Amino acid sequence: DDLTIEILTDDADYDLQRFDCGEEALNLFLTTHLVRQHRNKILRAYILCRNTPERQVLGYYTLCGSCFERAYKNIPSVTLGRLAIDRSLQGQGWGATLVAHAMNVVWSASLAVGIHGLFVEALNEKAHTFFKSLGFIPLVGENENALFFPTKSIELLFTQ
């Protein structure tokens, strides 16, 4: 395959204007906010691209360190806040491959500093179903848009 998954490169140029995932909010985030938020350290942005000098982006995901707390304890974690796949690639399982990439990054970081899980943001029922099919535990009430996956399950994915 011609496609690769890599973290956004600090001094590289990307072809993003053409990107279309079907959600207007995720498109505008990529073409006006993603690059500056990554470079300004607000998040860590990972790109699915064509591995050409032109760097045509056909999907992306964003990560940021977080902590989960109850209305007692604390959970050092990582949040996957955005996931978008271009319409041209949809149906080939690229969304799931990007989550597996994310999980491997989060796993490596747990092995280094100690992170107990991965939280994900699902703004709609189609994404919630997608994250549930990948094994994420759905949270309820105020946390209805969040799903959780522990580091121990990620370790199981890349060791068995």
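From 1 onward, residues are counted along the sequence shown.
In this entry, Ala71 and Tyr72 are separated by 10 or more residues of the deposited sequence that lack coordinates. Taking the PDB entry as given, 121-129 carries the higher mean Cα B factor of the two stretches 121-129 and 99-107. In this entry, 50-58 has the higher mean Cα B-factor, the comparison being between 29-37 and 50-58. The PDB entry assigns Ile7 a C-alpha temperature factor belonging to the lowest third of its chain's modelled residues. Among the modelled residues of its chain, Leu83 has a C-alpha B-factor that falls in the middle third, as given in the PDB entry. Remark: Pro150 belongs to the lowest third of its chain, ranked by C-alpha B-factor as recorded.
In the deposited entry, the Cα temperature factor of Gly91 sits in the top third of values across the chain's modelled residues.
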